[PDB]
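Colleague: Experimental structure below, sequence on top.
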Amino acid sequence: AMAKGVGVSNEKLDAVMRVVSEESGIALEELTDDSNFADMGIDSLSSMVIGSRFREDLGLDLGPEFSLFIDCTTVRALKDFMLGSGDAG
């Protein structure tokens, strides 16, 4: 975070989508990069719960208050974020 990201495998990339599916309400089979967390109405509650599960269920050292409502936008945004291959920050 703030120069250098983390880096997850496609296995962790698979595990995230199901946590997202649950808390977003979008079926895994419909989860495409066209989906937009803000467009779907992902509130503060859900967006916090998702990144929280990342830490507890998956064991991701993402961050303490990582919210998909502000720090992420689309689905791919979360995907790339895991690796940090955008080097946006």
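Modeller: Yep, that arrived. Residues are numbered from 1 along each chain as shown.

Colleague: Tell me where this protein has helices.
Modeller: If you assign secondary structure with DSSP state H, the helices in the chain sit at 10-24, 37-40, 44-53, 75-83.

Colleague: Format these as a markdown table; extra columns: mean neighbour count and distance to residue 62.
Modeller: All C-beta atoms are positioned from the backbone trio N, CA, C, and that covers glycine. Converted to a markdown table, the helices of the chain look like this (neighbours: other C-beta atoms under 10 Å; distance: least, C-beta to C-beta, whole Å):
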| stretch | mean neighbour count | distance to residue 62 |
| --- | --- | --- |
| helix 10-24 | 16 | 10 |
| helix 37-40 | 15 | 15 |
| helix 44-53 | 18 | 6 |
| helix 75-83 | 18 | 8 |
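
Colleague: just so I know, which of those lies nearest residue 67?
Modeller: Nearest to residue 67 among those is helix 44-53 (4.4 Å), distances taken as C-beta to C-beta.

Colleague: Packing partners of the closest one?
Modeller: helix 10-24 (3 or more C-beta pairs under 8 Å, 6 or more residues apart in numbering; DSSP states H and E).

Colleague: Can you give the contact residues for the helix it packs on?
Modeller: Contacts of helix 10-24 with the rest of the structure, by C-beta atoms under 8 Å, 6 or more residues apart in numbering, involve 8, 26-28, 31, 35, 37, 40, 42, 46, 49-50, 53-54, 57-58, 60, 75, 78-79, 82.

Colleague: Kindly report the same for stretch 54-66.
Modeller: By C-beta under 8 Å, 6+ apart, the list of residues contacting stretch 54-66 from outside reads 1, 6, 8, 12, 15-16, 19, 48, 51, 82.
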